[PDB]
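Starting off, we have a lone chain in the form deposited in one PDB entry, written out as structure tokens.
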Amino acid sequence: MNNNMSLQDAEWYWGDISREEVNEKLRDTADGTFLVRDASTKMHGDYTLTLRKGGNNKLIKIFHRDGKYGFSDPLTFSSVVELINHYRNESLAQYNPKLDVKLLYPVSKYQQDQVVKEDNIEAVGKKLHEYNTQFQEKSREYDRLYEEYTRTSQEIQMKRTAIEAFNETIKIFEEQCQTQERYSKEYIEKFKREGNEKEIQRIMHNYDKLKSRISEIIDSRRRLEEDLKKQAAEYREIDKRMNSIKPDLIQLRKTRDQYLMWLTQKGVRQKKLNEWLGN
């Protein structure tokens, strides 16, 4: 719909990027974000429109034969914007009925202050360094936090196991108390009726041993349940600390990947990107 529309300033021209480089750029973005890579046909020509409808990218191969540019035989378009770009205005249902949505948010290279927000020219030339240093520091913090999380998960599960073993152990010592009163009562009434007094205290003394044992085990479960409550709370706090770092860590990884193309103007040296980018 213009006078002359060029090929370079288009948001979709990526050159010779592979399939994996497309996965990074098309993820969780708004309607209207698309890109092109080299076609699966070994010939030069194919441009790809990628629309997000229901959170999915539909792949539609444009078979390329002869030195013309288009969709299918015969490739008879007149501009690349008619092929891919003009869909931003009208509905995209003419292209494929599986993408009945428009195109609203464009990630613009020239809207720099919307993504590249450093004020002075000296602060910009470090945003890749600052974003990558913030990623590696907060990733290893989440790594350290996740290792406490999995470890505390195991220890908490073991305490629940040890608690169920106490409950059944206490269940068994309780039966021994109720079994002793069944048998000894027919005898404690008889050893008083038979003048025997050593035997009376031995049965009482033996029930005192059983008394002291049960009391010590219940206290041992109590101290375990007390420790379970406190570590289950320590667990919930470990989860809170991760669930607050997780959404910040996701963006820093995408932000650093976004700024991979931006540092072209402040081009940090090649092998320097083996220390200015991490190690």
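Note that residue numbering follows the sequence shown and begins at 1. The term rigid core refers to the maximal set of C-alpha atoms that superpose within 1.5 Å between the two forms.
Although not depicted, the form deposited in another entry is the subject of the following passage.
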inquiry  = Using a rigid core superposition, assess whether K159 undergoes a CA shift of 2 Å or more between the shown form and the other one.
reply    = no
- Determine, after fitting the two forms on their core, whether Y187 shows a C-alpha shift of 2 Å or more between the shown form and the other one. no
Has the Cα of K209 moved 2 Å or more between the shown form and the other one, judged after a core fit? no
The CA atoms of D248 and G55 move 3 Å or more in the other form, ending up farther
One pair moves by 3 angstroms or more in the other form: the C-alpha atoms of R140 and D28, which are farther
